[PDB]
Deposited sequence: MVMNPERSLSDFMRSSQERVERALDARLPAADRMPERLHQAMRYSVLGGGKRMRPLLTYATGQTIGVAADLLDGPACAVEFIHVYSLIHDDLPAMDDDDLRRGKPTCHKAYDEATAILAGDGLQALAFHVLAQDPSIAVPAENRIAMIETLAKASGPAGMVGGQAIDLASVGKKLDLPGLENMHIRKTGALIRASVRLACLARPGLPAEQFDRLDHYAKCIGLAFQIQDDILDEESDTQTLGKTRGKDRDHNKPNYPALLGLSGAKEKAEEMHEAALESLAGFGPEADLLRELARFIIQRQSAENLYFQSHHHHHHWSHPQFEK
């Protein structure tokens, strides 16, 4: 059944990316040591690896060997981690903890955190430009770099964080709240999918577009669901969001509608896309890796 296949695929890909990140991170005992260990502290030792899973799952769907996908999967994950390190800083989200573990600025210092994030961003692009295992044509490699730069920069992830900070005391409309999430979170999720597509020479434009629409819809849907679980949490115990804007039922319906559009994007694929069908549900419903395990086994 596809749910056990998803669980198997997840566990295996998370181990494969863990080794691939370690192989691309400069050694803990080489100079500069504190900087290298700070990057490694933030990148390694697990995490959901949602963006790599999207890269690996997309590649398997369109028939790209996983060897060609290690580089792009690490590149998107480096970008993701760099954004976390900087976002956790006092001047932004000011997080003291991340995954039962002190954050990079707490565990080291703020200067080391700023630099580890800076170094991870540059390293993402070094992986795409130079990694020989990304054995694709020159044009494709260039397109991957452009993809990551557009997704990570002021028109993507960074600008989305700027929009998020500028709206802390504000009430946004639906298109306004969506736009922010599309930039802050959506662009890098869609990049993860597009990178895999670019490792398939000659892949039809219609397949790019459908898988991009799949990527866009799951990105929007899961953050709507994040808000729903948040709203349900504080109203069952003793910043603009989706249930505040739409009501809880309106927010629930909006996520469901996005979820439907995600699955319909995959109509151009057969059972090779079952993995993406199951991954959509897992990501959107915010299920844990172990919860997925103890119900499919």
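Asker: Please list, in sequence order, every stretch of the deposited sequence that lacks C-alpha coordinates.
Answerer: Unmodelled stretches, in sequence order: 1-3, 242-252, 312-324.
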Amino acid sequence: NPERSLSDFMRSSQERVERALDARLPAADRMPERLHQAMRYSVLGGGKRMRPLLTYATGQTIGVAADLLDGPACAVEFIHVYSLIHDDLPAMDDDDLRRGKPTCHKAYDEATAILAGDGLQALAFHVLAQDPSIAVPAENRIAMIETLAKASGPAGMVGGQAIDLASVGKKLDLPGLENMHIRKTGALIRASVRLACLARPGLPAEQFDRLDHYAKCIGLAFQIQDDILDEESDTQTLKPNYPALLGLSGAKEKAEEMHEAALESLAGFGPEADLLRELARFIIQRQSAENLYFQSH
From here on, numbers count along this sequence of modelled residues.
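Asker: On mean C-alpha B-factor from the PDB entry, just flag whether 94-102 or 138-146 is the higher one.
Answerer: For C-alpha atoms only, the mean B-factor is higher in 94-102.
Asker: Per the PDB record, is the mean Cα temperature factor higher over 46-54 or over 259-267?
Answerer: Here the higher of the two C-alpha B-factor means belongs to 46-54.
Asker: Using the temperature factors in the entry, find which of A215, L195, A221, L89 has the highest value at its Cα atom.
Answerer: Top of the list by C-alpha B-factor: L89.
Asker: Out of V127, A116, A199, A166, which residue has the highest Cα temperature factor in the PDB record?
Answerer: Checking the PDB record, the top C-alpha B-factor among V127, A116, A199, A166 is at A166.
Asker: Mind checking which third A289 falls in for C-alpha B-factor across the chain?
Answerer: Highest third of the chain for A289's C-alpha B-factor.
Asker: State the tercile, meaning the lowest, middle or highest third, of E77 with respect to the CA B-factors recorded for its chain.
Answerer: Ranked within chain, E77 CA B lands in the lowest tercile.
Asker: Please place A66 in the lowest, middle or highest third of its chain according to the CA B-factor in the PDB entry.
Answerer: Its C-alpha B-factor, which the entry lists for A66, ranks in the middle third among residues of this chain.
Asker: For the chain shown, is the CA B-factor of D209 in the lowest, middle or highest third of its modelled residues?
Answerer: For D209, whose C-alpha B-factor we compare with every modelled residue in the chain, the answer is the lowest third.
Asker: Taking the entry's C-alpha B-factors for this chain, is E18 in the lowest, middle or highest third?
Answerer: Answer is middle: the recorded C-alpha B-factor places it there.
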